[PDB]
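Chain and residue survey
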Amino acid sequence: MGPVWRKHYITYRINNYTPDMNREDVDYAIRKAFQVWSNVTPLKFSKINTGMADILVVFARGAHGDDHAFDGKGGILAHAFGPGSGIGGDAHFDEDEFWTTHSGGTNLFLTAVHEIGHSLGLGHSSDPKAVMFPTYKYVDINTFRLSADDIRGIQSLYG
Ligand SMILES: COc1ccc(S(=O)(=O)N(CC(=O)NO)CC(C)C)cc1
Ligand SMILES: [Ca+2]
Ligand SMILES: [Ca+2]
Ligand SMILES: [Ca+2]
Ligand SMILES: [Zn+2]
Ligand SMILES: [Zn+2]
């Protein structure tokens, strides 16, 4: 298995906020995305507002300091680093996308669930029902669930 957090208590911080959405709606999407994974593992997530966090959530465009520049509107939507110090764990969202609460543009919650999966150590899935399948597809958020493959994947890393 690839890198995992060697602890079950994991912190996150939102570095900055997309102007595409209201701040409250970003906070909500991210909280809900962590909750998806917390609900199927022994992992506990704590949001910090200031200071050192394990998982930094970042909205940025183009070349943004890591060796993985974004590519403008479309194409790559987001990427994340597996567990580790510093940039390890961090989840970055391409600001050249239009982030949304809904089925228009790119749904932040669904994208964040996938990215946090990477921040926890998951790779891509070959199951098209898995959130870790590497194509963005809107699905009804109120009825969203991890697939059996996503749960196998994350439980193989933690618990
Ligand atoms: C549901 O969340 C997704 C997040 C990013 C992408 S993506 O298209 O940017 N992409 C990059 C990636 O996997 N980042 O995590 C896949 C791809 C082009 C292989 C697709 C789906
Ligand atoms: Ca980090
Ligand atoms: Ca892009
Ligand atoms: Ca944007
Ligand atoms: Zn990046
Ligand atoms: Zn991915």
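Anyway, here's the lowdown on the structure attached to this text. (Residues numbered from 1 in each chain as written, not as in the entry; some residues may be left out. Chains lettered and ligands numbered in written order. Heavy atoms only, no water.)

**Considerations on the overall build of the chain**
For the chain, the count of helices and strands is three helices and seven strands. For the chain, the N- to C-terminal ordering of α and β elements is β-α-β-β-β-β-β-β-α-α. Over its C-alpha trace the chain gives a radius of gyration of 14 Å, about what one expects of a compact globule, namely 15 Å for 159 residues. If one aligns the C-alpha atoms of the chain with their principal axes, the spans along those axes are about 35 × 35 × 30 Å. The buried share of the chain, reckoned over its 159 residues, is 48%. Taking all contacts inside the chain whose residues are at least 6 apart in sequence as the whole, residues at least 24 apart take part in 65%. Here the chain contributes 14 positive and 18 negative side-chain charges, whose respective centroids are spaced 8 Å apart. (Helix = DSSP H or I, 4+ residues; strand = E, 2+ residues; numbered from the N terminus. Rg over C-alpha atoms; globule rule 2.2 N^0.38 Å. Buried < 20%, exposed > 50% of the residue type's maximum accessible area, 1.4 Å probe, protein only. Contact = heavy atoms within 4.5 Å. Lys, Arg positive; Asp, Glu negative; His and termini not counted. Charge placed at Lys NZ, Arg CZ, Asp CG, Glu CD.)

**Things to note about the coordination of the zinc ion (ligand 6)**
Protein coordination at the zinc ion (ligand 6) comes from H114 (NE2), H118 (NE2) and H124 (NE2), with a distance range of 2.1 Å. Counting the intervening residues between successive donors of the zinc ion (ligand 6) yields the motif H-x3-H-x5-H. Overall, the relative accessible area of 13% leaves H118 in the buried class. (Donors = N, O, S within 2.8 Å, 3.2 Å for Na, K, Ca; no water.)

**Here we look at the nonpolar core**
Core analysis: the largest hydrophobic core is formed by 38 residues, its most contacted members being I30, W37, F93, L108, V113 and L120. Going through the elements one at a time, β1 (9-14), α1 (23-38), β3 (55-60), β4 (78-80), β5 (91-94), α2 (108-119) and α3 (148-157) are the ones with two or more residues in this core. At seven residues, the largest contribution of residues to this core is made by α1. Residues in contact with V113, not counting those within four places in the same chain, are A33, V36, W37, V131, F144 and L146. (Core = buried A, V, L, I, M, F, W, Y, C linked by side-chain atoms within 4.5 Å.)

Note that every value here comes from positions in space, so none of it alone points to a role or purpose.
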